[PDB]
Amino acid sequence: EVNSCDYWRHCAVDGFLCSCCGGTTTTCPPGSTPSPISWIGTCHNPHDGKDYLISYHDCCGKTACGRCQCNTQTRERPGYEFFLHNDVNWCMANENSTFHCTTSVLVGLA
């Protein structure tokens, strides 16, 4: 279920799911580095009916994973609301900006 684009936490993922790329939802695959910055999504939890803030950190410094590509856009907005926007590389400020995969990190309620 976590490797599916329809998993509730992945509601604003644009990229390859790290959990399909040798990582997990909250760990980068070996040899790729987390982005210190991210876009942030608000996703509805279908179990408790509450809304959670999800931070979409990319993993960086390896070439494209190529697996489990997703392009979900719930509450995503254009670049004039920059930290809600997912058509940019959230690896853009990493030591190496090559994009590998995207994680879906649960911050908490809201």
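The first residue of the shown sequence is 1; numbering continues from there.
- When the C-alpha B-factors of 64 to 72 and 36 to 44 are averaged, 36 to 44 comes out higher.
- For the segment pair 95 to 103 and 6 to 14, the entry gives 6 to 14 the higher mean B-factor, averaged over Cα atoms.
- Per the PDB record, residue ranking by Cα B-factor puts residue 24 in the middle third of the chain.
- In this PDB entry, the Cα temperature factor of residue 84 sits in the middle third of its chain's modelled residues.
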